[PDB]
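Visitor: I am attaching a structure below and will ask some questions about it afterwards.
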Amino acid sequence: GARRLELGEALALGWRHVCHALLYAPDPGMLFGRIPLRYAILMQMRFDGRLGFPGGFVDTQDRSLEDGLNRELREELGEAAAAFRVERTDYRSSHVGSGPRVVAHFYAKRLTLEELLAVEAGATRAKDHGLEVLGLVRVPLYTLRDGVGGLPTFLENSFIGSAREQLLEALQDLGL
Amino acid sequence: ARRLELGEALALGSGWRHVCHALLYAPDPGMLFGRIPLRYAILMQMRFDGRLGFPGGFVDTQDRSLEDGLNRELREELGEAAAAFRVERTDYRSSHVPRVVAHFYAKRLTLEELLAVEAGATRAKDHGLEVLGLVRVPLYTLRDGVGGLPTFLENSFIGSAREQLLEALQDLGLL
Ligand SMILES: Nc1ncnc2c1ncn2[C@H]1O[C@H](COP(=O)(O)OP(=O)(O)OC[C@@H]2O[C@@H](O[C@H]3[C@@H](O)[C@@H](COP(=O)(O)OP(=O)(O)O)O[C@@H]3n3cnc4c(N)ncnc43)[C@@H](O)[C@@H]2O)[C@H](O)[C@@H]1O
Ligand SMILES: Nc1ncnc2c1ncn2[C@H]1O[C@H](COP(=O)(O)OP(=O)(O)OC[C@@H]2O[C@@H](O[C@H]3[C@@H](O)[C@@H](COP(=O)(O)OP(=O)(O)O)O[C@@H]3n3cnc4c(N)ncnc43)[C@@H](O)[C@@H]2O)[C@H](O)[C@@H]1O
Ligand SMILES: [Cl-]
Ligand SMILES: [Mg+2]
Ligand SMILES: [Mg+2]
Ligand SMILES: [Mg+2]
Ligand SMILES: [Mg+2]
Ligand code: NA
Ligand code: NA
């Protein structure tokens with residue numbers, strides 16, 4: 001897919017910069033009792049008809065990449081997002097997007113389960129709800145019985161740009 | 001799957017199980033970007049297997065009817081905002097065919113009822129467990145031509161929900 005860049009290497013090009021973020025939180029619940037949920041991971045169904053992570057374009061009124069990311073999260077989720085900040089400490093990888101001079105920045109934030117729920121809960125009151133944002137979904141991590149149902153089936157769905165691959169890496173690296 | 005009449009499908013042996021699901025929808029005067037008219041908000045959901053489907057579940061013997069069994073599953077899967085209405089036999093659509101025959105419904109609500117339904121749908125009993133969240137079908141197609149609804153239909157669905165969506169979009173002039 002799109003070439004993997006360094007931050008500064010990509011930051012060098014004077015271009016459209018777009019940041020998205022995976023909010024996760026640890027999950028002691030079990031499906032049916034049997035199945036481990038492990039973590040609760042927040043994606044969203046976009047206006048595209050594709051699955052993906054929240055956030056969006058970085059503009060000229062953004063003091064830093066983070067400012068725009070944290071801005072585009074509040075737009076898409078409402079004021080549950082104002083309980084945290086995704087801090088570049090969270091920055092994971094960059095990819096050259098299919099748009100005219102479009103780099104894509106991927107973040108991953110560890111929230112607590114108690115913060116994460118209130119995001120879902122405040123999502124109908126969001127500014128872009130039923131507009132850019134159609135609906136928040138969780139990611140299934142368990143994959144069982146069928147040997148195909150669960151996560152694998154989930155990843156057969158459509159994903160925006162590089163979200164599938166961003167999602168896979170986060171599961172690998174942050175050990176599963 | 002393969003179509004059948006309702007009575008035909010009610011005339012069946014003890015080894016058969018029945019399952020009910022309902023397409024909820026409401027008129028929407030809003031527009032995407034203040035330009036693309038939206039039309040209706042049509043709720044679908046992310047299942048435990050990552051297959052896109054409609055609210056609903058098995059009828060089972062303990063519910064008095066198919067409608068009851070739908071409405072109960074609907075309050076479990078969607079939360080207590082589904083108690084604001086009740087999806088009757090006059091909201092039934094079709095019956096399709098392991099040994100199961102699946103019934104599909106379409107219920108037209110207010111915009112305010114359907115919006116109130118999304119807010120409470122995280123407090124639902126099956127949220128996190130059975131259901132992993134709610135979504136709206138985009139009905140528009142974007143100027144690129146691929147985007148919008150067509151790209152939403154590229155997703156992997158459960159049983160015949162796709163057929164049932166495409167059916168429900170044309171059949172009451174949502175297309
Ligand atoms: N992991 C990933 N990996 C990779 N790329 C990823 C990834 N995740 C997401 N992306 C996506 O991230 C980009 C933007 O997506 P978003 O996440 O939604 O960012 P966002 O929330 O800040 O805003 C979205 C934009 O809003 C729209 O704007 C309207 C409107 O303002 C109006 C005015 O447009 P302007 O040209 O004046 O706006 P500017 O773009 O110039 O600022 O027309 C736009 N529009 C409508 N249809 C089209 C079209 N077919 N082609 C181009 N533009 C279109 C679109 O241009 C954009 O999709 C690409 O779509 C790319 O696919
Ligand atoms: N449009 C549609 N058109 C048509 N069919 C449709 C449509 N939409 C949904 N369906 C499906 O609605 C039926 C099930 O009801 P649901 O719609 O999911 O609503 P519901 O809330 O009652 O949930 C049914 C679930 O199924 C039950 O448990 C599972 C699981 O634990 C499992 C436990 O043992 P297994 O080893 O068999 O698990 P699997 O190997 O089967 O995955 O038994 C149930 N189950 C799991 N997978 C399947 C399958 N492919 N076919 C039939 N039953 C299945 C209940 O505990 C759950 O509630 C059929 O699975 C059917 O495929
Ligand atoms: Cl604004
Ligand atoms: Mg946005
Ligand atoms: Mg977006
Ligand atoms: Mg059930
Ligand atoms: Mg259920
Ligand atoms: Na924006
Ligand atoms: Na409209």
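Ligands are numbered from 1 in the order shown, residues from 1 within each chain, and chains are lettered A, B, ... in the order they appear in the structure tokens.
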Only residues of chain A matter here; which ones have an atom within 7 Å of chain B, counting only C-alpha atoms? Give them as number ranges by chain.
Guide: A: 31, 45, 47-50, 120-121, 124, 131, 134-138, 140, 149-151, 153-154, 156-158
Visitor: Could you save the residues just selected, with C-alpha atoms, as a CSV table (one decimal), in the first residue's frame?
Guide:
```
chain,number,residue,atom,x,y,z
A,31,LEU,CA,-19.1,-12.5,25.2
A,45,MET,CA,-18.8,4.1,10.0
A,47,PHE,CA,-20.2,9.0,5.2
A,48,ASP,CA,-18.1,6.9,2.6
A,49,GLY,CA,-19.8,3.6,3.6
A,50,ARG,CA,-16.3,2.6,5.0
A,120,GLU,CA,-20.0,6.2,22.9
A,121,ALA,CA,-22.7,7.7,25.2
A,124,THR,CA,-25.4,11.1,19.3
A,131,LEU,CA,-23.5,13.8,8.9
A,134,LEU,CA,-22.9,7.9,10.7
A,135,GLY,CA,-22.3,5.6,13.7
A,136,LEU,CA,-19.6,4.4,16.1
A,137,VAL,CA,-18.8,0.7,16.2
A,138,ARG,CA,-16.5,-1.5,18.2
A,140,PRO,CA,-14.3,-7.8,17.6
A,149,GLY,CA,-16.6,-15.3,12.3
A,150,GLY,CA,-15.5,-12.4,14.6
A,151,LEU,CA,-12.4,-10.3,13.8
A,153,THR,CA,-15.1,-11.4,9.1
A,154,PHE,CA,-14.9,-7.8,10.5
A,156,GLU,CA,-13.7,-8.3,5.1
A,157,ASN,CA,-15.7,-5.1,5.4
A,158,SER,CA,-14.5,-1.9,3.7
```
Visitor: Could I get the residue neighbourhood of ligand 4 at 10 Å, counting only C-alpha atoms and all ligand atoms, as a ChimeraX atom specification?
Guide: /A:20,46,54-57,68-69,71-77,127-128,131-133
Visitor: Set the cut-off to 6 Å, count only C-alpha atoms and all ligand atoms, and list whatever residues fall near ligand 1 as a list in words.
Guide: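 If we count only C-alpha atoms and all ligand atoms, the neighbours of ligand 1 turn out to be residues 18, 52, 55, 56, 57, 97, 104, 160, 161, 162 and 163 of chain A; 143 and 144 of chain B.
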Visitor: Would you pick out the contacts of residue 88 of chain A at 10 Å or less, using only C-alpha atoms, so that residues sharing its chain but fewer than 4 positions from it are not included, and give the list as a ChimeraX atom specification?
Guide: /A:65-66,92,106-109
Visitor: Residues at most 7 Å from residue 92 of chain B, counting only C-alpha atoms, excluding those fewer than 3 positions away in the same chain, as a list in words?
Guide: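 After dropping sequence-adjacent residues, the list is residues 89, 104, 105 and 106 of chain B.
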Visitor: Provide the atom CA of residue 95 of chain A to atom CA of residue 4 of chain A distance in Å, to one decimal place.
Guide: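 Distance reported for this atom pair: 4.8 Å.
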Visitor: Per DSSP on the backbone, what are the strand (DSSP E) residues of segment 48-147 of chain A, as a list in words?
Guide: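 Restricting segment 48-147 of chain A to strand (DSSP E) produces residues 51, 52, 55, 56, 57, 58, 91, 92, 93, 94, 95, 96, 97, 102, 103, 104, 105, 106, 107, 108, 109, 110, 133, 134, 135, 136, 137 and 138 of chain A.
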Visitor: Given a cut-off of 6 Å, what residues near ligand 2 show up using only C-alpha atoms and all ligand atoms, put as number ranges by chain?
Guide: A: 145-146; B: 53, 56-58, 102, 158-161
Visitor: Nearest to ligand 5 among A:113, A:23, A:43, A:168, with distances taken over only C-alpha atoms and all ligand atoms: which residue is it?
Guide: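 Between A:113, A:23, A:43, A:168, the residue approaching ligand 5 most closely is A:43.
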